Amino acid sequence: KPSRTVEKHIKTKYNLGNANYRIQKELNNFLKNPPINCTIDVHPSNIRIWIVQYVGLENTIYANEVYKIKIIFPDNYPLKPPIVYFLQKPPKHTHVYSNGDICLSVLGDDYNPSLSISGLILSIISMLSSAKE
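Residues numbered from 1 in each chain as written, not as in the entry; some residues may be left out. Heavy atoms only, no water. Residues with missing side-chain atoms left out of burial classes, pairs and counts.

The record lists X-ray crystallography as the method behind this PDB entry and 2.8 Å as its resolution.

Here it is, written out as structure tokens:
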């Protein structure tokens, strides 16, 4: 269970039925099972906002190029998927756009409440590993 931990929202007790609860549960799993080459940091005073930083896998056309992926958990998460996309300076990839949007079924038409954030992000990481450009 890598990743250490900067500041804890892990402490705060969230109502055993609210959206934050599930989000907190998702954070802990993220710290315990980090997607390869990613680190994390959540907004202080707002557990709904996360920013993951992914350092390109050496064995890929993205080797050593640091990229950031923001995650916004809406009001009705996990019923409504989390809003996920790359931040300032997206990676030039087939399914990634200038604004950072990500064309991935999982983030929209194939998403279901049970998907894990660490998993969404890991899916994104493997998407980056493929082809050239």
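The rest of the description comes next.
(A) Inspection of the pattern of salt bridges at higher detail. As enumerated under the stated definition, the model contains one salt bridge in all. Measuring nitrogen to oxygen at the nearest pair gives 2.7 Å for the salt bridge that ties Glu 26 to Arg 22. Separated by four residues within a single helix, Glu 26 and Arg 22 lie in helix α1 (residues 19–32), roughly one turn from each other. Overall, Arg 22 belongs to the buried group, its relative accessible area being 18%. (Salt bridge = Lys/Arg side-chain N within 4 Å of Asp/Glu carboxyl O. Helix = DSSP H or I, 4+ residues; strand = E, 2+ residues; numbered from the N terminus. Buried < 20%, exposed > 50% of the residue type's maximum accessible area, 1.4 Å probe, protein only.)

(B) The packing of aromatic side chains, seen in detail. Here the structure, examined in full by the defined rule, presents four aromatic pairs. When the centroid spacing of 6.0 Å and the interplanar angle of 80 degrees are considered together, the rings of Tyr 62 and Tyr 67 count as edge-to-face. Per residue, the accessibility class of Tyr 62 equals that of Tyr 67, and both read buried. Aromatic ring contacts, followed pair by pair, group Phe 30, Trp 50, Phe 73 and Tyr 77 into a single cluster. (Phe/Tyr/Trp six-rings, centres within 6.5 Å; stacked < 30°, edge-to-face > 60°.)

(C) Quick peek at the sheet that holds strand β2 (residues 49–55). Across the sheet, which stays open at both edges, the four strands sit in the order β1-β2-β3-β4 with antiparallel pairing between neighbours. The open sheet has two edge strands, β1 (38–42) and β4 (83–86), and neither has a second partner. Adjacent strand axes in the sheet meet at a mean angle of 20 degrees, parallel and antiparallel pairs treated alike. In this sheet, β2 lies alongside β1 in antiparallel orientation, the contact comprising five bridges. Paired with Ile 40 across the strands is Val 52, a residue of β2. (Pairing = 2+ DSSP bridges. Axes fitted to C-alpha atoms, helices over the stretch in contact; angles between N-to-C directions.)

(D) A look at α1. If you check α1, its first and last C-alpha atoms are 20 Å apart, about what 14 residues at 1.5 Å a residue would give, namely 20 Å. Buried residues of α1: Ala 19, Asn 20, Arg 22, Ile 23, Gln 24, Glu 26, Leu 27, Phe 30 and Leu 31, and no others. Buried residues belonging to α1 abut β1, β2 and α2 (117–128). (Expected span 1.5 Å × (residues − 1). Contact = heavy atoms within 4.5 Å.)

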